[PDB]
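Colleague: Need a 3D model of the sequence below.
(5 chains, ligands or ions: 8)
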Amino acid sequence: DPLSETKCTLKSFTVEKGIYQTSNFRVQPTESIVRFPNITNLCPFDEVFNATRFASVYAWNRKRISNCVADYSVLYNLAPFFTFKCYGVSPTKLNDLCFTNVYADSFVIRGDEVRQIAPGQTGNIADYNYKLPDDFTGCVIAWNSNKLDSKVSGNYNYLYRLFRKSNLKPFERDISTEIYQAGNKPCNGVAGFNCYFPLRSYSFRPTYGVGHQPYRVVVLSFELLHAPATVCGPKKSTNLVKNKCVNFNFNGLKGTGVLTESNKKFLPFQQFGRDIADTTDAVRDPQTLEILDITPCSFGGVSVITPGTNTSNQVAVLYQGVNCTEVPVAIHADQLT
Amino acid sequence: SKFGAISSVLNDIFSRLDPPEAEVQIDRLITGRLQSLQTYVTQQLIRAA
Amino acid sequence: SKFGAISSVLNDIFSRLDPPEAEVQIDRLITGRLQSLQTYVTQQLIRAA
Amino acid sequence: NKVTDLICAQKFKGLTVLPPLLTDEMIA
Amino acid sequence: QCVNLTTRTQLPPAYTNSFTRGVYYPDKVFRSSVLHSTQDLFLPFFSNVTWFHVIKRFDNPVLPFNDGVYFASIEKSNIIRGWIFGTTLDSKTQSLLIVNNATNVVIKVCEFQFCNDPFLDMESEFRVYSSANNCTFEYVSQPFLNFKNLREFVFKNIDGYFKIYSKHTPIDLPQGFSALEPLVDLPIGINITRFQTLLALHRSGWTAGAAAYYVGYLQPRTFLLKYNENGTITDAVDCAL
Ligand SMILES: *[C@@H]1O[C@H](CO)[C@@H](O)[C@H](O)[C@H]1NC(C)=O
Ligand SMILES: *[C@@H]1O[C@H](CO)[C@@H](O)[C@H](O)[C@H]1NC(C)=O
Ligand SMILES: *[C@@H]1O[C@H](CO)[C@@H](O)[C@H](O)[C@H]1NC(C)=O
Ligand SMILES: *[C@@H]1O[C@H](CO)[C@@H](O)[C@H](O)[C@H]1NC(C)=O
Ligand SMILES: *[C@@H]1O[C@H](CO)[C@@H](O)[C@H](O)[C@H]1NC(C)=O
Ligand SMILES: *[C@@H]1O[C@H](CO)[C@@H](O)[C@H](O)[C@H]1NC(C)=O
Ligand SMILES: *[C@@H]1O[C@H](CO)[C@@H](O)[C@H](O)[C@H]1NC(C)=O
Ligand SMILES: *[C@@H]1O[C@H](CO)[C@@H](O)[C@H](O)[C@H]1NC(C)=O
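Modeller: Numbering: from 1, shown residues only, chains lettered A, B, ... in the order given. Ligands and ions are numbered 1, 2, ... in the order given. I have put the structure below:
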């Protein structure tokens, strides 16, 4: 009852005459809704991981993934991936959300230098072949392909750049084969003193140890941004619910509130809106291009007017800032008071 | 403000990271917003004086 | 004051440590120094009164 | 007259304002 | 191959003053009755811009693409047709080309056998599309469309996204304010250095009117945009002026 809440707040068994601000009331949600795009085509993850032969590290392959559904249960079909490292997101079933664009980069390197595909690393790979941004957001998948790429006599299918004047900026590809001059005398396109060819071959051999077996690496880059999402997780939508305190998930935007009609003059390119406090106030329905308002469910403060407990046990309750027509009357266990 | 966190939205952090590692992120936001509240009360107390 | 970091000279943090790990150590220095300035302003407002 | 949405935006963050006990009629 | 207009006569370009132009929407978010500070690539206020008169006068040069370009043209009779972009401006490597039809718009990004001066034009002799080797992205949609028509365009190539902003207002740069709503975004992920505009001359040995198009360059600057009711940008302030 209100009196016992006063005692529990004051941490005392007797209460003096006065008014005490005990807690705040608020309406609990009733149901939950989810709204996602209705597309059904899947993303071409098959070709990226099932390619017959991968590209070189100094010239890596780049792929655009868009306008599809990215289900990550497919990746548990081939041999176990011995390395699954993600940055900015957890891979354990938290990858079922909406992204804006996806870049897929694939190459082949050695095992000992696999730890070089990471932010803030140094080495031949990091600054001469493939560099990652400091604020990287994505996942790197490394597995062993020693049975396929490596050969007894060594294959020259894969090469890496050893000499370069300056470090590579992140996501920059260099395919130049010009001689690396480092002395006064000209190189004239041939090697010699301070004249070098930047390209060197791995020459993988199965007889090599653990640190030299070839490894295939696929680097996935996402971009969580306010722009409309093309690729999304495999989730089921739900009918639109309005004028009820409900949960909602509009393309990954989770929240609790009330959705109603809006008079916002949304220009065709504008997706959602914001208020002065830089928080979401309006949203666009992904399936019908409808503009909906977000309003938090009813809330307020409660005070209890008590005479001294030595006098009486009756109390009065003051709902602060309520017009008395919206004072919460619902009983079916949906109030946080 | 972000206070060094990945994002300034509580819902985004909880829907993107595992609860193991989400604690080191939410702690920055909670402590950072606790400082903002404490600063405001301290200035309010001086003005009331 | 290191505030529990390795060194106070912020150049040393940017050299010895890697950029992923340096940012965590640097974040500690700013948060401590921001508080030190914030404490000074509060003391000054009390004296000015 | 000489001495004198943003309010609704603040209320939704948990910032509210209590009215004074003595109204302007009582003070006059 | 095309006709080498050897009769082309070079003249020093003129310089005009763009007063408050080049303000666009830097984000997809909707805001209203707020003042928001944005750091992006903008056209600095009261900055002189090259002015290339055409028609006689025939100025169709190759110009660098310094991180983004603000293009305007105040003419009638839809004299201006499209633009071409690339790094070497030849058939050797990649190039982007945009051409508006009389009812359509076509974008092609591939190796074109560019001549000295590509041009447009009853209608006939369609050599305009000399050769396409291997083209990846194609896009066709609704057409982009004193003197009456005024056309402003902003081309920016960042983050692999080529963004075009545009505005048509009824009307030596006029006075007023007008934010350029986003129009078209094409992901090509290409690297571009120089560009040159294209137009048409009406053959009878032709009878074409005069034209004038301006070129301006963007810089990293901080702007204070004013959003009114309905979410329309009415004013801006250049903090570094
Ligand atoms: C979205 O896809 C569903 C198929 O499940 C279809 O019935 C619906 O009409 C589509 N939405 C629109 C706006 O056409
Ligand atoms: C690759 O092919 C194999 C054999 O058919 C099989 O695992 C599956 O079809 C493909 N794997 C993936 C991950 O697409
Ligand atoms: C409170 O409810 C009454 C009855 O519906 C209504 O007339 C009034 O406008 C509401 N608001 C206030 C501030 O009285
Ligand atoms: C003349 O035009 C042809 C094809 O249009 C071109 O190959 C040639 O370079 C041009 N000559 C000059 C001097 O511009
Ligand atoms: C026009 O261009 C520059 C651009 O910086 C401007 O500052 C200057 O006033 C003008 N210069 C010339 C040579 O006209
Ligand atoms: C441009 O499109 C119009 C309308 O379809 C057409 O008449 C004209 O021939 C086209 N121009 C070309 C194909 O060069
Ligand atoms: C395209 O790459 C060249 C490489 O020399 C560079 O100079 C130029 O700035 C790049 N283009 C843009 C728009 O940055
Ligand atoms: C906003 O739009 C409404 C209807 O579209 C119009 O009546 C009102 O004048 C507009 N406000 C402006 C232009 O400031």
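
Colleague: For ligand 6, see how far away residue A:3 is.
Modeller: 82 Å (C-beta to the nearest ligand atom, to the nearest Å). The way it works is simple: take the backbone N, C-alpha and C, and place the C-beta from them, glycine included.

Colleague: Can you verify that residue is assigned to a helix?
Modeller: Yes: counting by DSSP: H, G, I helix; E, B strand; the rest coil, residue A:3 is located in a helix.

Colleague: Could you find the closest non-adjacent residue to it?
Modeller: Nearest non-adjacent residue to residue A:3, counting by C-beta to C-beta, 6 or more residues apart in numbering or on different chains: residue A:315, 5.1 Å away.

Colleague: Number of residues surrounding the one you found?
Modeller: Residue A:315: 17 surrounding residues under other C-beta atoms under 10 Å in any protein chain shown.

Colleague: Equivalent analysis for the one 5 residues further on, please.
Modeller: If you count neighbours by other C-beta under 10 Å, residue A:320 ends up with 14.

Colleague: Look up which helix or strand the closest residue to it other than its chain neighbours falls in, please.
Modeller: Among residues not flanking residue A:320 along the chain, residue A:301 sits closest, at 4.3 Å (C-beta to C-beta, 6+ apart). Element membership of residue A:301, judged by DSSP states H and E, is strand A:299-306.

Colleague: For that strand, buried residues please.
Modeller: A:299-304, A:306 (16 or more other C-beta atoms under 10 Å in any protein chain shown).

Colleague: what's the answer for stretch E:169-187, then?
Modeller: E:173, E:178-182, E:186.

Colleague: likewise stretch D:6-14?
Modeller: For stretch D:6-14, the neighbour count (16+ other C-beta under 10 Å) marks residue D:11 as buried.

Colleague: rewinding a little: tilt between the helix or strand following the strand holding residue A:301 and strand A:299-306?
Modeller: Using DSSP H and E, the helix or strand that follows strand A:299-306 in sequence is strand A:316-320. Put simply, strand A:316-320 runs at 150 degrees to strand A:299-306, going by axes from the mean of the first three to the mean of the last three C-alpha atoms, to 10 degrees.

Colleague: Any idea which residue is closest to the centre of the chain?
Modeller: You didn't say which chain, so I picked chain A. residue A:89 (5.0 Å; C-alpha atoms, centre = their mean).

Colleague: The chain in question should be chain B.
Modeller: The centre of chain B sits closest to residue B:29, judged by C-alpha atoms, centre = their mean, with a distance of 2.5 Å.

Colleague: so who does residue E:240 touch?
Modeller: By C-beta atoms under 8 Å, 6 or more residues apart in numbering or on different chains, the contact list for residue E:240 reads E:44, E:221-222.

Colleague: nearest to residue D:28, of the residues you listed?
Modeller: Nearest to residue D:28 among those is residue E:222, at 50.0 Å by C-beta to C-beta.

Colleague: Can you name the next helix or strand after the helix or strand containing that closest one?
Modeller: Residue E:222 belongs to strand E:219-227 when elements are defined using DSSP H and E. Next helix or strand after strand E:219-227 toward the C-terminus (DSSP H and E): strand E:233-235.

Colleague: close to chain A, is stretch E:98-114?
Modeller: No: using C-beta under 8 Å from any C-beta of the partner chain, stretch E:98-114 stays clear of chain A, coming no nearer than 13.7 Å.

Colleague: and if you look at stretch E:39-49?
Modeller: No: using C-beta under 8 Å from any C-beta, stretch E:39-49 stays clear of chain A, coming no nearer than 14.3 Å.

Colleague: Now that stretch: buried residues?
Modeller: For stretch E:39-49, the neighbour count (16+ other C-beta under 10 Å) marks E:41-45, E:47, E:49 as buried.

Colleague: Can you pick out the ones from those residues that are in strands?
Modeller: Those of the buried residues of stretch E:39-49 mapping onto strands are E:41-42, E:47, E:49, per DSSP state E.

Colleague: what sits up against the longest helix belonging to chain D?
Modeller: For chain D, the longest helix by residue count, based on DSSP state H, is helix D:6-11. Around helix D:6-11, the neighbours that count as contacts under C-beta under 8 Å, 6+ apart are A:275-277, D:16.

Colleague: On the three-state scheme, residue A:24 is what?
Modeller: State at residue A:24, reduced to three classes by three-state DSSP: strand.

Colleague: Quick check: phi and psi on the residue nearest to residue A:95 when sequence neighbours are not counted?
Modeller: Closest residue to residue A:95 apart from its sequence neighbours, by C-beta to C-beta, 6+ apart: residue A:72 at 5.1 Å. Main-chain dihedrals, residue A:72, degrees, to the nearest 10: phi -100, psi 0.

Colleague: Okay, residue A:72 and residue E:118: tell me how far apart.
Modeller: Here residue A:72 is placed at a distance of 47 Å from residue E:118 (C-beta to C-beta, to the nearest Å).

Colleague: more neighbours, the two?
Modeller: Each of residue A:72 and residue E:118 has its neighbours counted (other C-beta under 10 Å); residue E:118 has more, 22 against 16.

Colleague: right, and the more buried one touches residue E:128 too?
Modeller: Yes: at 7.2 Å, residue E:118 and residue E:128 qualify as touching, with contact defined as C-beta atoms under 8 Å.

Colleague: right, and out of the buried residues of stretch E:39-49, which lies closest to chain D?
Modeller: Using C-beta to the nearest C-beta, the shortest approach to chain D within those belongs to residue E:42, at 28.5 Å.

Colleague: now the nearest residue to residue A:115 once chain neighbours are set aside, what's its secondary structure?
Modeller: Once flanking residues are discounted, residue A:115 sits nearest to residue A:121: 7.2 Å by C-beta to C-beta, 6+ apart. Put simply, residue A:121 is coil when judged by three-state DSSP.

Colleague: Can you name the residues of the stretch 201-337 of chain A that neighbour ligand 1?
Modeller: When proximity is defined by C-beta under 6 Å from any ligand atom, the stretch 201-337 of chain A lies next to ligand 1 at A:287-288.

Colleague: Which positions in the stretch 201-337 of chain A make contact with chain D?
Modeller: So the stretch 201-337 of chain A meets chain D at A:275-277, A:296, A:301, A:320-321 (C-beta under 8 Å from any C-beta).

Colleague: how about 10 Å then?
Modeller: Contacts of the stretch 201-337 of chain A with chain D, taken as C-beta under 10 Å from any C-beta of the partner chain, map to A:257, A:275-277, A:279, A:281, A:295-296, A:299-301, A:320-321.

Colleague: Please apply the same query to chain E.
Modeller: Residues of chain E lying near chain D (C-beta under 10 Å from any C-beta): residue E:33.
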